[PDB]
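Before any questions on how it binds or moves, here is one chain, the form deposited in one PDB entry, in structure tokens.
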């Protein structure tokens, strides 16, 4: 009955590996686009179906390769994922938000036929690492049509975002670049009490946890994107009544479980 529902009923262990879809990549050259530095699109193959879109920003001095594992992971569970490069390696979080805005518009309007055919441009979300997570929160405030936002070990000088876009923030306990007490947790706490929000804190994790295969980041990011981009209530099970020994903190207003 849910026309956006993709793939078989999920199990926890299936969400810690690549999923039911084959994946192709498309390189968006820097010279071919304005408003962002290009990037890599991960999109499903072996399918005639359409999927939601995710634009994802790396952090300060990083490029799209720093989130390649998660682009491919997400695409393999049924998403079109554009991991950007930034115009400059030194772009701040609000510049990253602007480049996510350009990436979303690029996905909708000028992505190649191969990607457009797999994309439902009505269902878009954002995610990002560190300053890219900051950009994720800013664009969530500016664009109320986004289905979800997943800031990963996010960094921003702005601690206050006004959005109703559902937010799941991943903090890293041992993060020395974007300490959770100064970044992730203030972001979580200052989001509106009426916006569905989750904070998960990875035990023992560093700022670079998001840059390689991470079972917790995989489960929470797939689950949040499924729940909100696809309206796939089958993923509530991983986001609700959570007892996860990989986590050393969890905070929610439990507006996503019913």
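Positions refer to the first chain, counted from 1.
The form solved in complex with a small molecule is left out here; the points below concern that form.
**Q** Report the residue, out of 150, 130, 81, 103, that has at least one non-hydrogen atom within 4.5 angstroms of the small molecule in the deposited complex.
**A** Selected residue: 130.
**Q** Between 52, 44, 39, 59, only one gets a heavy atom within 4.5 angstroms of the small molecule in the deposited complex; which residue is that?
**A** Checked against the cut-off, the match is 59.
**Q** Does the small molecule come within 4.5 Å of a heavy atom in each of 185, 199 and 251 in the deposited complex?
**A** No, the whole trio is out of contact, none within 4.5 Å by any heavy atom.
**Q** Using a 4.5 Å heavy atom cut-off, indicate which stretch of 107-115, 164-172, 130-138, 72-80 touches the small molecule in the deposited complex.
**A** After filtering at 4.5 Å, what remains is 130-138.
**Q** Does at least one non-hydrogen atom of residue 121 fall within 4.5 angstroms of the small molecule in the deposited complex?
**A** Outside the cut-off, so no.
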